[PDB]
Amino acid sequence: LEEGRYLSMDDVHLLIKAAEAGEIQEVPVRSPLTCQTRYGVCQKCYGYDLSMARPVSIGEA
Amino acid sequence: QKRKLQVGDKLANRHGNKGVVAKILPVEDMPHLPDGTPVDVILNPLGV
Amino acid sequence: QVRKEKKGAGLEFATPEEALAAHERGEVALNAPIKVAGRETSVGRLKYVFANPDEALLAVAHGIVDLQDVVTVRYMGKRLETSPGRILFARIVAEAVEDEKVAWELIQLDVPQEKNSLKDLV
Amino acid sequence: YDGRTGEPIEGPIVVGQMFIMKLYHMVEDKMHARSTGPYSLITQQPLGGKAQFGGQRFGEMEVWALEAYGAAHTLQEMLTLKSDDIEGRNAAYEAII
Amino acid sequence: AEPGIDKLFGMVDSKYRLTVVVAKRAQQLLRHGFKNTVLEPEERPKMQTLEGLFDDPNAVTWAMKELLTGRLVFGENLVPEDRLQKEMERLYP
Amino acid sequence: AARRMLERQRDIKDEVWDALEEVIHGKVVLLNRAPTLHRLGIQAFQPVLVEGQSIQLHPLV
Amino acid sequence: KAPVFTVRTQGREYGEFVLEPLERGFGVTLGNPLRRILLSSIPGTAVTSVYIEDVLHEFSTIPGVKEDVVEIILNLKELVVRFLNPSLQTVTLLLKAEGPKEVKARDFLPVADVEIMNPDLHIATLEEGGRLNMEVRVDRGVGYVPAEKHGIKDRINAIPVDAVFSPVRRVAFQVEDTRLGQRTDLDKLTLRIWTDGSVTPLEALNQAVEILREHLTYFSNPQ
Amino acid sequence: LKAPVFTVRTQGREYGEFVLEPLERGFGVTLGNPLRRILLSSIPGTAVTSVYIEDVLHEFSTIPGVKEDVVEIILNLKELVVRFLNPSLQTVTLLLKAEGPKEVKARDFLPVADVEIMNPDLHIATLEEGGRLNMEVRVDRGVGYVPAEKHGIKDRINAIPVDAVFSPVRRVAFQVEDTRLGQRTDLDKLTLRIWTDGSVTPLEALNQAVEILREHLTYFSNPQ
Ligand SMILES: [Zn+2]
């Protein structure tokens, strides 16, 4: 699972399943709470979610 | 003037089942009893 | 959804060769119904054999079998034993969308549809 | 029986004579269809009352949602061309006609 | 839904990009006369009782259909600002 | 001219109607519930001539 | 052997017909198709508009008159008439009695051709010196028509009404088993119809069946 | 008013788009349901009656040198479509025998009189080295769908009655939507879509239908 990849629903499952085996408890991911962008945020820091399912379109309210 | 029930009309029962009036299908293609006499009003069971 | 009639008797076909016939004969009488607790399949899924999905409907809407009755029909390339109601749902979704392949590739024709079943489907 | 196709509906249908009734709330007190009409003698709002009617309010709530969508123009359109700035209003009427 | 809306979103780097692009070309289609199209030959939008939707149906309805084909090109700074309505009004009546 | 044509007519010309529909064509309007809390509190739809005095709305929305 | 079209007519109202034998459940492909039209295409008769002397609006009442406007007006559409020529597209009757008496539809002034199959219809009653005066407009259209859709103005202060044509009370079709033929998987369609009086079952029958035929031709010129 | 315009859009010889409108209130249905009833239950055509093979005994067995099961074959049969020339063919027997490695298509059958197999490239079965395969299927003319257990045609007592797949019409799906017309909008937009195996194009298909229908109405003459 390369860096920056936008984990989809499916991905999440493999995460849960893996965790069940006691392989991982944490998950390194970008989030608005660490965005450097002065006002507003970045696509990456934000994420997938949108009226769609793919990456959020730049400039979304 | 007269108030002849049309489309935006709403009516309920003494039991508290309120609901608007969608389409008003003509007696023609209206579910009928094996012996003529078609139905009058069609309520949806899901509201029971 | 499919319907589960009453088993006239432990219809054993997992071994009785004649069962395909005999156990089904009793069916011809008043013994085991159409959708009995079939061993590997109720008589229903055996008397009526359907090649192309279309074949199903025909007999269905003709008054022969219902939509919740277990029968047999071949699809993409396998003889699956299900019911009209199930098979239909297939042609439906596969129609609403061009690619029929992926269509039946992402559904569960072996479980009565319900909220979630659809939710995920969408 | 269906009546539409004549094919009766498989499965009896409980029937009887239920007692219903219409309520005070009719469709008369609701049927606002406006496009071009009067204006607020004080501010500048499309209020009717006489020959025409008055367009429902928009409220900040609806706007927000509108803001969410990102309909910058659709929104700006509602806050101006369809209200205050009377210039763009008529200017618009001309372009349309 | 709308015609190949998906194919559109895939051509743009941002959802909102599409909008601004569809709108800009939509206007240029009516203001600068309705003969700036690029798919006028065949498969051109049609009406009903009278397929007269071959001349003036709806702006955007055409705009998108134009993008349907990789005939046009877009970008941030493609052609000079002012040199826009100058090369357009002179090329089209 | 057209303004007076229908300034008041209990016999709205048959031509008028056909024209109206010919006006909208692609253009789409907007629908809004009274209590708007979410974005979808307003969605776009392609109107079409209908009977009755009430607005016909799709069940899915 | 060919499907025998029998008839068991019993008066002007009731009308039963039998059609057998019939193919694999065909009686149904006929019973409903026809039945439908039978109650939404058959042209009848009804009261279009009326004008009372001592009246301005339908929501009024006349002295010496028991039942109020709306009450009588309703008892009117309940009336049924019969024309005797394709020309009687528009006929208007008139009646006006006084003193204590039951206002029966029959009391009307006969108009040669057109006949009223609804004699006993109790329209209204007059106490003493009841100023009964009206103008009953009658037409022969089709189906139902809103009183506010046509707007009949026989007179300046006359109020229209609603269409009550379709001389069909109720229809039903029975797709019983077979009676003849070496095959038991046959049908015997039999429909029983009821008419207000205008046109007899037969009448109504032929008509519908014809409307059908004609429609079948529209499927000519392809595309 | 305006007489309904009957348009069409036939793609090949299986699909059939038909559009007939506008139509009065609730009439497209008064036309859709009836049609459909005959469009798939009265249409004449061809179908596989009963099949028979020497080495075969039960419908649930397996012939050596042949991967497809008894049912798989019989099923590949009902599918196959034929065509007769003159009405003097209420019954026609088709035979077929082949051995050794090779694909068994429907065109392998022995050419008979005024009969044609418009469905040649049909994969009926493939035999391997020493694949002893021979059979004699019977086919006649009927209507609609009739279960194998229904008619029960038994030439050889050990033969097997097969289901009826006459009416080359695969299926139909009418539609009665409301269209516009200036003054009124609660109109009718009846649209019938017909499918066929190829024996007959959707065009003809419907024709015979209406034709038969009309004729049936003619029986509304002589009273009693
Ligand atoms: Zn950021």
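Numbers attached to residues count from 1 within each chain as its sequence is written and can disagree with those in the entry; no residue without coordinates is shown. Each chain takes a letter, starting from A, and each ligand takes a number, starting from 1, following the order in which they are written. In this entry, the chains presented are a subset of a larger assembly, and the associated values cover only that subset. To get the side-chain values, take all heavy atoms of the structure and skip hydrogens and water.

- The record lists X-ray crystallography as the method behind this PDB entry and 4.40 Å as its resolution.

1. Thoughts on the nonpolar core
All names here are of chain H.
Step number 1: Residues belong to one nonpolar core when they are buried, are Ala, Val, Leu, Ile, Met, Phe, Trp, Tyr or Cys, and are joined through side-chain atoms within 4.5 Å. Relative accessibility decides the category of a residue: with a 1.4 Å probe and only protein chains considered, values under 20% of the type maximum give buried, values over 50% give exposed, and everything between is partly exposed. Among the nonpolar cores identified, the biggest contains 28 residues, and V51 and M135 are the most heavily contacted of them.
Step number 2: Runs of E in the DSSP output that reach at least two residues are strands. Runs of H or I that reach at least four are helices, and both are numbered from the N terminus. Counting residues per element, the ones that place at least two in this core are strand 3 (44-51), helix 2 (70-79), strand 5 (91-98), strand 8 (123-127) and strand 9 (133-143).
Step number 3: Ranked by residues supplied to this core, first place goes to strand 9 with four residues.
Step number 4: In what follows, residue pairs with any heavy atoms lying within 4.5 Å of each other are defined as contacts. Setting aside its immediate chain neighbours within four residues, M135 contacts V51, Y52, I53, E54, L77, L95, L96 and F109.

2. Side note on the interface of chain H and chain G
Step number 1: Taken together, the contacts link 28 residues of chain H with 32 residues of chain G.
Step number 2: Considering only the side of chain H, the residues that lose the most area to chain G are H:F6, H:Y219 and H:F220, jointly responsible for 22% of the buried surface there.
Step number 3: We define a salt bridge as a side-chain nitrogen of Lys or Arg found within 4 Å of a carboxyl oxygen belonging to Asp or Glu. Connecting chain H to chain G are zero salt bridges.
Step number 4: Identification of polar contacts relies on pairs of N or O atoms within 3.5 Å, with a donor-acceptor requirement for protein atoms, meaning one able to donate a hydrogen and the other able to accept it, and with residues adjacent in sequence counted only if both atoms are side-chain atoms. In this assembly, chain H and chain G are joined by five residue pairs in polar contact.
Step number 5: Residue contributions to the side of chain H that touches chain G peak at six residues, all from helix 1 (residues 28-39) of chain H.
Step number 6: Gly is put with the polar residues, along with every residue not named as nonpolar or charged; the nonpolar set is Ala, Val, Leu, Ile, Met, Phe, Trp, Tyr, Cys and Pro, and the charged set is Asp, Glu, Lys and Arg. Among the residues forming the side of chain H that touches chain G, the class breakdown is 16 nonpolar, ten polar and two charged. Throughout, buried area stands for the accessible area (probe radius 1.4 Å) lost by two parts on being put together, summed over both.

3. A look at the pairing of strand 3 (residues 46-50) of chain G
Residue and element names in this part refer to chain G.
Step number 1: The element strand 3 is extensively covered by neighbouring structure, given that five of its five residues are classed as buried.
Step number 2: Note on pairing: two strands pair once DSSP finds at least 2 bridges between them. Bridging between strand 3 and strand 9 (residues 136-139) involves three bridges; their strand directions are antiparallel. What sits directly across from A46, in strand 9, is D139.
Step number 3: Here two bridges tie strand 3 to strand 10 (residues 159-160), and the two strands are oriented antiparallel to one another. Considered in strand 10, the bridge of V50 is made with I159.

4. Points about the environment of A:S8
All names here are of chain A.
Step number 1: The topology assignment puts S8 in the segment before helix 1 (9-20).
Step number 2: Remark: the alpha-carbon pair of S8 and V56, spanning 48 residues in sequence, is separated by 13 Å.
Step number 3: There is a polar contact of 2.9 Å between the side chain of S8 and the side chain of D10.

5. A word on the side chain of H:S61
Residues and elements named next belong to chain H.
Step number 1: Within the element layout of this structure, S61 appears in the loop between strand 3 and helix 2.
Step number 2: A relative accessible area of 16% places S61 in the buried class.
Step number 3: Sequence-distant contacts of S61, that is, excluding residues within four places in its chain, are made with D69 and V70.

6. Describing the state of the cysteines
Residues and elements named next belong to chain A.
Step number 1: Two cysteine sulfurs form a disulfide in these notes if their separation is within 2.5 Å. Going through the model one piece at a time under the given rule, you end up with zero disulfides over all chains.
Step number 2: Just so you know, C35 is unpaired, no disulfide at all, and the nearest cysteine sulfur is the one on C45, 4.6 Å from it.
Step number 3: Here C45 falls in the buried class, since its relative accessible area comes to 3%.

7. Side note on helix 3 (residues 59-67) of chain E
All names here are of chain E.
Step number 1: Buried within helix 3 we find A59, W62, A63 and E66. Down the axis of helix 3, the buried set is contained in an arc of 105°. They therefore lie on one face.
Step number 2: Against the buried residues of helix 3 lie helix 2 (15-30). The arc refers to the directions leading from the helix axis to the C-beta atoms.

8. Topic: the domain arrangement of chain G
How big an interface is tends to be expressed through the accessible area that disappears when the partners come together.
Residues and elements named next belong to chain G.
Step number 1: When cut into domains, chain G gives domain 1 (1-43 + 166-219) and domain 2 (44-165).
Step number 2: The interface is formed by nine residues belonging to domain 1 together with eleven residues belonging to domain 2.
Step number 3: Taken over both partners, the interface formed by domain 1 and domain 2 buries close to 750 Å², and the fraction arising from carbon and sulfur atoms is 54%.
Step number 4: Broken down residue by residue, the surface that domain 1 buries against domain 2 is led by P43, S166 and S198, which jointly contribute 57%.
Step number 5: Connecting domain 1 to domain 2 are zero salt bridges.
Step number 6: Across the contact surface, domain 1 and domain 2 share one residue pair in polar contact.
Step number 7: For the side of domain 1 that touches domain 2, the residue count by class is four nonpolar, four polar and one charged. Domains are outlined according to an automatic or database domain assignment.

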